[PDB]
Structures are given as structure tokens and as C-alpha cells.
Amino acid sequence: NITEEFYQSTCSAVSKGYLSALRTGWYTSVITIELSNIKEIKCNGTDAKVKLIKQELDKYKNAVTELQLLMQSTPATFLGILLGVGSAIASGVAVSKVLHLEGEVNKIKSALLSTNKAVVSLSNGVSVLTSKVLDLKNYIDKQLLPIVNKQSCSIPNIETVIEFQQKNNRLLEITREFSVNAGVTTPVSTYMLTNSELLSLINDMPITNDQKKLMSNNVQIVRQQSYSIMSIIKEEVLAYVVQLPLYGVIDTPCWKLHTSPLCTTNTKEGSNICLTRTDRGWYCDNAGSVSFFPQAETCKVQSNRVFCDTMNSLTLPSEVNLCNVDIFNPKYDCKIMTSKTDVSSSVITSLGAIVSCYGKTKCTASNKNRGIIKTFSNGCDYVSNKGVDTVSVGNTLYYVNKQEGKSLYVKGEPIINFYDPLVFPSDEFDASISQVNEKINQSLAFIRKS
């Protein structure tokens, strides 16, 4: 149920019909692995099945020593320039710091003695979920101790050698990811947290039923917005913090704004003036205001659900939406940029394509079964994605999205015609309708002086 409207007057289009899924907070969980403390590998036997077990214990001990070197380092990692600067893992690292305090590990270790999942209140008072995901201590001590603890080693069966390599592999891969990521990984792989464990962790979290359903049906998105932070390894326990997203805003209207340069079409080369709406990005109603996301990557779309991160957003009054139907409205000052760079390009929207065609550029739209069906004249135009498969601007061939949905072409005079090119400011990168008007007055006043 996605719709789109193109505004010929402002060379821009809005895609409506989306639902919000904004990350507004973080939930920190502590994931543990019970380790076996092995120092000496006591066996002088040259048996082939013992040698393969000795070689896997060396890999095991190498990973332990490798992780111990990571815990000794406190781990870390148009209108985009207007944002702030957050600290993404500031919450998770804070939990990682507490686990270094004395006895804090013993709290975790004792709570995870009978069950593999428990809720622990730390010394500072925060209630974190704790999960023991692997008990290599139990396996090594019950299945491998009678082998490599005496001098007359008992030769294991071939099946145990294979089984130990499987169980040890997860530890090795967790160590591998932390080694090439300085102890902070994102997204969180299935080695840090399996699809079963993650879903189970979501169900046990203190969140609403709407958040549980949302997170469970989009765990791949949950992983891309999660961090895995190596913390400690001591007292036979490896602990790393998993920082999961909290979606405080769900199911509010979202819309995406696409913009393209709007220039004059005079045949004289340098006598053209351009103008581009700069407020392009994702917009989502949020607590009476509008959360605006100017960057491309910060929002991921899954069907009609938009997952965004508020740390890369601005908070604007809802009147910002008035710029779509009336860019000259007196309630909000719509942001634009100006130039004399009349160069051709295209923007692929959710349900169509905007084409800014200028100069000697060949701009067309094609179908697979029939070829060219529309040829654009100079200016800014738009074509729906129904019956159109590709758009061509110069030597560039853009495929359009085949998402189903109705588009609407809103006819209107391109607002660039309302300006006189002799008093038009054309070097404005962070400007607005009013900043241009007041700047034209100053130029127009100095002309009135003559």
C-alpha cells in the first residue's frame, strides 16, 4: 500500500505509506561461555587419535590467550553535516566495564550454575539478562579429562575427536571475529548469538508484545543494528556484552523525500540557474515532531517497514511536511541549494524515477519488450514505474524499482522560473527560500541605488 506523488514545481517526490521502526535505545545482555582451565597437556603417546585431540586443545588454548589480550583494552569504534555525534557503544561498554569489578564475575557464574539463563542485578543496580551459551568446561572435564590428565593416556574413539572439533569451533570463530574487529563486532553473527538463542533472548526481554513480534520477524535487521562487545575472561568464564536495539517508536507514518536539481533551459551555456531541495531523506512522525534522517544508510526498508536509527536524525516541527505541497508556505522555511551547474542526472524513487535532463543529454525511459517509449525534453520530469523498466540519462542506465503502488503526477510551474538570473545567488549550499529572498533584496536594493 505504497503511494508516491511527484511535484513538477519543486522537482521532488514523496513516497508515503510506510510504517516506522525507529531504534531509540539499547538493551544490554551478558553472554557467557564456561571455559575449562587447562595448563599442561600430559600425554607422551604418539597415537593418531590422541594427536588430533592435542591439536584441538592447542587451538582452544590459543583462542583463550588471544582473547585475554583483547580484554586489556577498553574497546571502541545533503544536510548530513548538521547532525550531532553520538557514542554508539557507550551503553554496552559501560556494562563491559562493570564486569571487571571484583566478584562481579562470581555473581554471573553462580547464577548460571543450575540454568543456562538468568536475570542478574549487578553491583550498580541494573538488571541484565545473562545467558550461558556454551559449556566447554563440562565437555572437556567429562569427555576429555580421563585422556589427557594421566601419563598412561586412554585413547579416545574417533567419534569423540570429531565431536570436540565441532563444539570448539564456535569459540574459535567468536575469537576470530573479535580479533579483526578490535573486540567490537557489528552485525552480530550467528556465532555470537544463534537464531534460536537470539529469538529466545528477545522473548525473555522486558519489552512489549509489539516489540517482540517486530524484533522476531526481522531478526536479520536486529543483527545489523546490534553490537557484540568483548568484555572479560577469567574464573573459567568468557563474557561478552551484546547490545540490542530498542524500538521505542513503532507503526507511525513514515515517508521518503526524493529531490533533484531544477534548472532553467536556456540554450545559452552558462546563463542557467539551478535550485535543489536539500531536505531529502526519510521522515517519520515521532512524538508530535518529525524525525528526519538525511543519510541513505541509516534507514533500511523491509517491505513497508522502515528501520531507522535516531542517533543519525534531526527533530523537526511537523510543519516541515508543508514544503511538499507548497514550498513557499509561511509556516516553515524550506531548505534549498543553488548553483549554475546544469548537469543531467536521475533519481530512482520508490515507485518511479525523476529525470533532470539538461543540455545535449539524451534522456529516455524504456521497457524490456519494446525499447524506448518516452524521450525527455530539457527540464525536470518524472515517469511512473508501471510499464517502465529502465531509465537512461547519458551513458548511465538505471533500473527502476518494480514495487507495486500508485503514483500521482502533480502538475505545476517549476519555481526556478520565478527568479531573475541577474540577482540570483548561485553559490548557496545551506540555504532556504527566505534566505534567498532576503539575499535578492540586498542585491536588488543596491541596484535601486543606481
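All residue numbers are counted from 1 along the displayed sequence.
Per the record, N157 and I158 are directly connected, with no deposited-sequence residue omitted between them. Between the stretches 88-96 and 104-112, it is 104-112 that shows the larger average CA temperature factor.
The mean C-alpha temperature factor is higher for 139-147 when 337-345 and 139-147 are set side by side. Annotation for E173, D309, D279, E236: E236 ranks highest, by Cα B-factor. Considering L397, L422, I53, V64 together, the PDB entry gives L422 the largest C-alpha B factor. Annotation for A182: C-alpha temperature factor in the lowest third relative to the rest of the modelled chain, per the entry. Ranked within its chain, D204 lands in the highest third, by CA B factor from the PDB record.
When the modelled residues of the chain are ordered by C-alpha B-factor, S29 sits in the middle third. Among all modelled residues in its chain, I41 ranks in the highest third by Cα B-factor. Split the chain's modelled residues into thirds by C-alpha temperature factor. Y191 is in the middle one.
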